[PDB]
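A lone chain, given as structure tokens: the form deposited in one PDB entry.
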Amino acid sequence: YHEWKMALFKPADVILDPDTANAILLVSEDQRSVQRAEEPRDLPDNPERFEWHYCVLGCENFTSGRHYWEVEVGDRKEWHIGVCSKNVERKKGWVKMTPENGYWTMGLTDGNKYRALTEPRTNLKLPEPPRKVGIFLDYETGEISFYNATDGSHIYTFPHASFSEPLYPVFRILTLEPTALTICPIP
């Protein structure tokens, strides 16, 4: 676990907002888990919804302060998570997931390639695959960090960002597989 960190970072109750979710995503009834469907649902235009990225956001954003949440990634072979700005482009095709486009994310491809989605990408070497990922956000200092949340081991912290928009938790899954992404409860 972590020591002085909790105290400094307020644990956030993150629930997924199905109005943002791409039509290919399946948000659970309790709004804690997201899975990918075999085929898109048929959903009318909604400014909130991601039409290109296979993305869903948390319901609430952050404009100030320090916050922590944990995401259970389990054995899923592909996922990316972090935060993004309120004002990202939700409609346009082929927008790269990068800080410059409003995303601060990391995760896994093909079960074994961990990356921080900087531009260019930063390749990460994990001594053990994490199953739960702790995300620490400090809005004012412009820091977002990722940890293995079960042993508390630091993985990666982005270069400083000066955030000038509200930030959402963001979750991306590209592939169809058995294990969902799940937001862990608070205490």
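So that there is no doubt, residue numbering starts at 1 and follows the sequence shown. Between two forms, the rigid core is defined as the largest C-alpha subset superposing within 1.5 Å. Residues that one form lacks are left out of the comparison.
Here 60-68 and 40-48 are compared by their mean Cα B-factor, and 40-48 comes out higher.
For the set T157, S162, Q35, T118, the PDB entry puts the maximum C-alpha B factor at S162.
Sort the modelled residues of the chain by CA B factor and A23 lands in the lowest third. Per-chain ranking of the deposited C-alpha B factor places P169 in the lowest third.
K92: CA B factor in the highest third of modelled residues in this chain (values from the PDB entry).
Form solved in complex with a small molecule: not shown, discussed below.
In short, of 136-144, 50-58, 31-39, 66-74 it is 50-58 that has heavy atoms within 4.5 Å of the small molecule in the deposited bound form.
Candidate site formed by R115, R121 and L174: every one of these residues places a non-hydrogen atom within 4.5 angstroms of the small molecule in the deposited bound form. 1-5 is the sole run of three or more consecutive shared residues whose C-alphas all shift by 2 Å or more between this form and the one not shown after the rigid core is superposed.
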